[PDB]
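Two forms of a single protein chain come next, each set out by itself as C-alpha cells; they are called structure 1 and structure 2.
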Structure 1
C-alpha cells in the first residue's frame, strides 16, 4: 500500500497536480513511520508547490489591492478575494505544521540530526509563510514560532553538520531571509548569510562530484541575497 501512495505522488507530480501530490504524501506521513529521503523530498516538493501557488496569488491580489477609483464595491471585492486566498494559504500551513509537530519532528530520534534540521527548517519556513500574510496582533506569535524553529535547527546543524551540507546551507539561507524580510533586520540577515557562505567556501574542497551541485546552488543564492541586501 505505502509504495502505491508514493507512486501516486510521483504520478501527480508528473501531471503537475500538486494538491493530489500533497494529499498522497500526507497519507504516507500519517502512517506514523519515518520518511525515506525520496519520500521526504516528495512531501516537501508537494507542499512547496501548493503553498507557493497560494503565496504567488496572494502577492498579486495584495499588490492589486493597493490601488483608487473610490469604488468601495471594487475594493471590498478585492479584499474579500485576498482574504479567501489568505485563508487557503493559512490552512495549507496549518496542515504542514500539524504533520511536522505530530509525526515528522516527533519521530526523529535524538541523533537524527539531518532529519531534525530538515523538519525544523520546514517548520520555520511555514510559520514564515504565515508571518508573510499575518497583520496586527496575530503576527507576533507566528514570527516567534518561526524564529524558534529556525534557531533550534541552526544550533543542531552548526554542531553536527558540515558547513557544505545542503540542508545546513539551505537553513542559513531561509533563516537569513526570515531576518531580512520578516524581522527587517538586515545586519543579522547579512551576518548569518555571510558566515554560512564563508564557512562553506573554506571547505569547498570537501564536496564530491554528486554533492557539489546541491551546495553550490544554495551558495549562489546566498551571494545573490547578500548582493541585493548591500
Structure 2
C-alpha cells in the first residue's frame, strides 16, 4: 500500500540506500495522489543523493580528463561519458515525474518547479553547445515561473521561497556567469525577508534564518 512504500523510503534513508529510497518515492508519486510536505522532502532527498553521487563522480573524472597517450585519454573520456548519461538519466527520471504527476496549492507548485529548475541546472553542468543552451533555457523558465508564483502567494521569509532564490541566484552565477544578476537576486530576496522579518513563523523559523545566512555567504563571496 501507499503506507508501506513510504516506510520503505524511510528505511532506505536510514540505511543510506538512496536508490531504493528514490524507487519507493517514485512508486508513491506514480499513485497520482498528491504528496504531503513530508513525502515531498523524502522524494527530494532521495533523488538529490542519487544525482549528487553522479555529480561528485563526474566532477572528479572531468577534472582528471582536463589534466590527462591517446589510450589513457579516451578511457577517461569514455568513463566521463558513462557517468554523464547516468546523471542525465536520473535527471530525465525526475523531470518526467514532475511534469506528469507533481506539477499541475501554491506552496507545492514552487517546490516542484524549483526541482525542475534544479535538475535542468544539473544537466547544464555537464552539457555543451546547443544541448547546454537548451537545458539552460528550461532551467531559467522553471526558476522564473516559480519565482513569480512564490512572490504573489508566499511570504518573503518562507523557506521554500528563500531556498528557491538561493538556487536561482546560484543559477545566474554558476551557469549563466552573471554575477551582477546573481547578487541582485540574492540581495533582493534577503532584503524582502528582512523587511517582513516579523512574518517568521514559529515552526519554520530556524530553516528561514539558515537560508538567509546562505544568501549572505554567497553575496559576500561574489563581491
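In this text, the rigid core denotes the largest set of C-alpha atoms whose superposition between the two forms falls within 1.5 Å. Residues that one form lacks are left out of the comparison. Positions refer to the first chain, counted from 1.
Just one residue from the list 204, 185, 45, 161 crosses the 2 Å line for C-alpha shift between structure 1 and structure 2 on a rigid core fit, and it is 204. On a core-based overlay, residue 24 has a Cα shift of 0.3 Å between structure 1 and structure 2.
Here residue 213 exhibits a Cα shift of 1.1 Å between structure 1 and structure 2, evaluated on the superposed rigid core.
Residues present in both forms were compared between structure 1 and structure 2 after fitting on the core; consecutive runs of three or more with every C-alpha moved by 2 angstroms or more are 202-206, 208-210.
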